[PDB]
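Engineer: Pasting in a structure now, in structure tokens, and then I'll have a few things to ask.
Here, each number is a calculation from the coordinates, and none is a lab measurement. So basically every Cβ, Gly included, is an ideal-geometry build from the backbone, and we count neighbours across all protein chains shown.
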Amino acid sequence: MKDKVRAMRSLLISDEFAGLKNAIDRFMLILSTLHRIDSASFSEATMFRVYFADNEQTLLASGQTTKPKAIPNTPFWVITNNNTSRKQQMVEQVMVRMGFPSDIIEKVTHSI
């Protein structure tokens, strides 16, 4: 887990992440990165209100105004009809389930 923590820390100080001025894109890059780091763990944590799916329609079936969006470089979709607080909670839920320690989770969610 220490190397996974290191990867999330590396994201937070990366040029790509720093350049993002909007919460939605930071949210998305965080999710993409979590999947990159451990796709199996990410899959379990997200497929476990429904926030995530492996297709757009499932999320539209949950609600027509959920504004589902594809998580880049993954097979997954996430609802985006939400504020930054809710985005933070979603990322926390995922990262807790994937086994991350709270310290890095706080830094990652605060960055959204």
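Engineer: Report the net charge of residues surrounding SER39, where surrounding means a beta-carbon distance below 13 angstrom and charges are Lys +1, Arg +1, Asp -1, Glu -1.
Structural biologist: Counting the neighbours of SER39, the net charge comes to -1.
Engineer: May I ask for the distance between the Cα centers of segment 87-112 and segment 22-37, given as a whole number of Å?
Structural biologist: 11 Å
Engineer: Compute the Cα gyration tensor for segment 50-112, then decide on rounded, prolate or oblate, letting a ≥ b ≥ c be the square roots of its eigenvalues: rounded whenever a/c is under 1.5, prolate when a/b is larger than b/c in the other cases, and oblate in all that remain.
Structural biologist: It is prolate, given that a/c is not under 1.5 and a/b is the larger ratio.
Engineer: What does the charge count near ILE79 come to, summing +1 for each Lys or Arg and -1 for each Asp or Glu among other residues with Cβ under 15 Å from its Cβ?
Structural biologist: Around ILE79, the surrounding residues sum to +3.
Engineer: Sticking with this one: Return the subset of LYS21/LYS87; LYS21/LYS67; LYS67/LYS107; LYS4/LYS107; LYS67/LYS87 for which the Cα-Cα distance in this structure is over 18 Å, preserving the input order. Could you put the intermediate results ahead of the total?
Structural biologist: Numbers: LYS21/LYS87 15 Å; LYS21/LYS67 20 Å; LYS67/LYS107 27 Å; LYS4/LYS107 14 Å; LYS67/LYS87 13 Å.
Table pairs above 18 Å Cα-Cα are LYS21/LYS67; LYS67/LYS107.
Engineer: Starting from the Cα of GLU44, step 7 Å along the direction of its Cβ; do the same at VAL96; then give the gap between the two resulting points in nm.
Structural biologist: 1.7 nm
Engineer: Compute the distribution of all C-alpha to C-alpha distances in the chain, in bins of 10 Å from 0, and list the percent of pairs in each, rounded to whole numbers.
Structural biologist: 14, 50, 31, 5
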